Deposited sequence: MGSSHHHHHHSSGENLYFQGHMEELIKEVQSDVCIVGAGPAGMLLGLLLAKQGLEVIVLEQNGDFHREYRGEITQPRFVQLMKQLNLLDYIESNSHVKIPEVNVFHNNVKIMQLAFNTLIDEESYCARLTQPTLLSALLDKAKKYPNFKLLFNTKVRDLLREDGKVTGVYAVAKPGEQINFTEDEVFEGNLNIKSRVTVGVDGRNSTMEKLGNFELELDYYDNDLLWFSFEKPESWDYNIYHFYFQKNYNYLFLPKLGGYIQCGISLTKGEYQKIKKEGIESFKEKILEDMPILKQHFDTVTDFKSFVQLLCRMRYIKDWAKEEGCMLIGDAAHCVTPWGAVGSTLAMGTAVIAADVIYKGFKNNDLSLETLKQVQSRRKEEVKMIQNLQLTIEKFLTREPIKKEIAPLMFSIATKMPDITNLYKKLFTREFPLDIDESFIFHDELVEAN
């Protein structure tokens, strides 16, 4: 039919809803739409970062979020053949509160939606699939979406906050400056052994594969086996049995779980892709932000916090434009002009870290020892601060501080 709004946003994920929550708080009619029927449709992680704690306390939101179901992870350890080689406590990085946490996204997103539904100028729809852009007069006017249990949404600003797989990246002719994919992860969950804590963050450098252990919702532990691009098809050929013999040789504590495994149906494959669009704001009334604009690898648990920080900067930029009645393409490029420095700093670190997961004949046996040497450098704590903490709060107007 026909709809009217001030700001149109595609997707209600961490970045989309944080932007929608804030923009409504500034007294602008917002619309946020998503295709899934709820927040539980797709699994999208549970771990967070110290940088996330900093952001919430910046807006006076930690107490509200901290009242949810979460488990504070106090440190990260790295092993090599079952012997610890590196330890890092997150509270020695910044004076204020600092810690990782296990906070599932649907828990976090429901907390944001509940706070946002208090405002009457915030509107969220679901099962709403954007399918086209209403670009007219050169500028962008809005989007065309089909709703489920056909409508045109016209707005002054359109923001694309879909995920890696972005439809809004192609309708607006955006171009990628980077396309990295060299590794996989193979995730499975198993019952916590009696000798193990629960709020752990453990990485193992073993003989055959590399393992990452994180807490899972419900007293379980989720493991991830690091593999190369295309090596999983070969693994399945050799059979499940040979996979078990090599895993149990690595981590014998997993003996009890693998007694009841007879197929590759308990494992889930994840592809570690990194991306970067060339120019996020390219057309009038158009912008791109989030993980459709600058994804990163699974290391350090930076993906969600980095996306949320981009939205917060986008809200301040948009707020300045609306008050000044200046929404030209010139004002939109401030998001990239302010986020670029910290997003590219993060991505270059992810490229360095991904070089330690090599499975090559001679490099596989020295990666653990290179890691052990690097972490003993006198100025390694600066890298820790860059990866986990943020030096200064995002400079945005006080109007965004919740009371």
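- Residues of the deposited sequence lacking C-alpha coordinates, counted from 1, fall in the stretches 1-26, 176-189, 444-450.
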